[PDB]
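Counting begins at 1 with the first residue of the sequence. Values below: every heavy atom of this structure, side chains too, minus hydrogens, waters and symmetry copies. Whatever order the structure lists ligands and atoms in, that order sets their numbers, starting from 1.
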Amino acid sequence: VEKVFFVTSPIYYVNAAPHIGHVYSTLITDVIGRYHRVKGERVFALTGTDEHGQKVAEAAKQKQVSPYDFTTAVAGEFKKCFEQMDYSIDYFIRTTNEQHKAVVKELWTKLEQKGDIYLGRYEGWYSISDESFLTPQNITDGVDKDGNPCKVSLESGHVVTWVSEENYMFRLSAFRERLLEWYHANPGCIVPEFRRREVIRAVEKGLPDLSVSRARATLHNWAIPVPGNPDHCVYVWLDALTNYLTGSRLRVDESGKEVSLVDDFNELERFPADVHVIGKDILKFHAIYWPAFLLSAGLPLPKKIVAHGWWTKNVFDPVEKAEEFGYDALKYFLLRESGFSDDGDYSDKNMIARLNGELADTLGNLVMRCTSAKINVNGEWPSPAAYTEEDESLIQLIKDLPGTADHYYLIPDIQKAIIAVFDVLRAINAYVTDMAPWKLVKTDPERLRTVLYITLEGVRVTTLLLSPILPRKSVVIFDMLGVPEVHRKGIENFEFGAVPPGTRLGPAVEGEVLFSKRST
Ligand code: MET
């Protein structure tokens, strides 16, 4: 089924400025998007801001400014941040957008007509900071700004308040069996696996119905009104999750401005999401509520939700560290260092260690070696002579790599894709050391042709598979290698030997480097 590969980030609350959390989530989205574009597929990558709800309105009131002004400014800060970070996101959505509001109204109305929304009551705990309803088992004792004894969330540690409101309720309980069917028929639909297991356990235990509206006073009137009932506002999460549906229906001009909302998602071939990227902190909303809504509405379900080990929401400024160590370098570090855990060492020490050892010593070294005038005297891709068994072992690794990296990218597990490429880069480095092409220039020119050609091709293929991770440096590497544009994307070019011998290398600069090593 040919469609537009649809990949999303969460949309971020605008109560506060962009920080590393949002940059990381959106980086993952961006990397996935880029990989599928290099694969030759149509892609639509989505990110944006979550602008309604009690939390934002209280932040605005804290800053003594109107919610309208406040959201607009902070959304601008997010856009500027993602421009600075050099992403390639196709559209930036804001929930204040009038077309999004229309979509929310359609979806709400569909649920209501399907009999899945009734007027009832929520009486229980609520974390305003997480916009999350919580049962008594998810709360405990803690403290607030005052230092008074209060109740806090077990999920997040944020302060919880007791709510008692007549609310529109969504019949979430009715979807338990179907959600379980969905998880089991699609055992790759939630990644990583242990988070899939978490979701299943929770749903097995039982599902309550879910408040999908709140009284307008409670939200300081900063939300989407319920269709046919102005006293109630749409829950910030039903609002928020719907952004994915809205995005899938917006025609977008060359400047990234939304120009038109289509009636039928099928017109644009995006919905549903192939990959929803999220932090672990919002798994339940994406793996339980969201698909229940879609099931109620007769809409297709997303293929994959991937939940990373960070929270979606001692200073760590990504722009600052990118200006210090390089943008691609920082992106590589964030994607290499962290698995599906809030673990890994993000210190300057380890950043420099990975920069120096992996980027400079392994990749950069090898790029310079095979393009050096001392070794590559003719400044071109040589025609190989006959291959030894050792040559063939390296070639085999290079040939196998695209299929290996492809599976990892599709899981998705970007850390493993990176590790796989670098395993091949280490192997190529070892080969070069064993063959000592610098000695071969004088000794055996025929042998050098073979060695040089394999090395070049190894660098090309590894770099191609690293191009989603290192988008700018990949271009520099291809320029040095003289790889024509046409050979820089497309699955045809994953294949060993796509760049013919005789291809000239790009020009040299006197003292250039690819990655500058840094002091220890
Ligand atoms: C539909 S994704 C919403 C994510 C939420 N606004 C957050 O920042 O955690």
* Asked: Stepwise, does the ring-ring contact (aromatic ring centres under 6.0 Å, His included) test hold for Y168 with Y118?
  -> CA-CA 6 Å; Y168 282 102; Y118 68 99; 9.0 Å; no

* Could you walk me through whether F133 and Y122 pass the ring-ring contact (aromatic ring centres under 6.0 Å, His included) test, one step at a time? => CA-CA 9 Å; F133 301 98; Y122 183 82; 4.5 Å; yes

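Note on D406 versus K39: salt bridge recorded, some NZ/NE/NH1/NH2 to OD/OE distance being below 4.0 Å. The pair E106-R249 counts as a salt bridge, with a side-chain nitrogen and a carboxylate oxygen less than 4.0 angstrom apart.
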Exercise answer: donor-acceptor pairs, residues 318-331 side-chain atoms, under 3.5 Å, sequence neighbours excluded:
from, atom 1, to, atom 2, distance (Å)
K321, NZ, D348, OD1, 3.1
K321, NZ, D348, OD2, 3.2
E323, OE2, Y327, OH, 2.6
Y327, OH, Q84, NE2, 3.2
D328, OD2, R472, N, 2.9
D328, OD2, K473, N, 2.8
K331, NZ, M85, O, 2.8
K331, NZ, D86, O, 3.1

Expected rows: ligand 1 N/O, protein N/O, dist below 3.5 Å:
from, atom 1, to, atom 2, distance (Å)
ligand 1, 6 (N), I11, O, 3.0
ligand 1, 6 (N), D50, OD2, 2.7
ligand 1, 8 (O), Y13, N, 3.4
ligand 1, 9 (O), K313, NZ, 2.7

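The residue from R37, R34, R270 that alone fulfils the salt bridge (charged side-chain N to carboxylate O under 4.0 Å, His left out) condition with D90 is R37.
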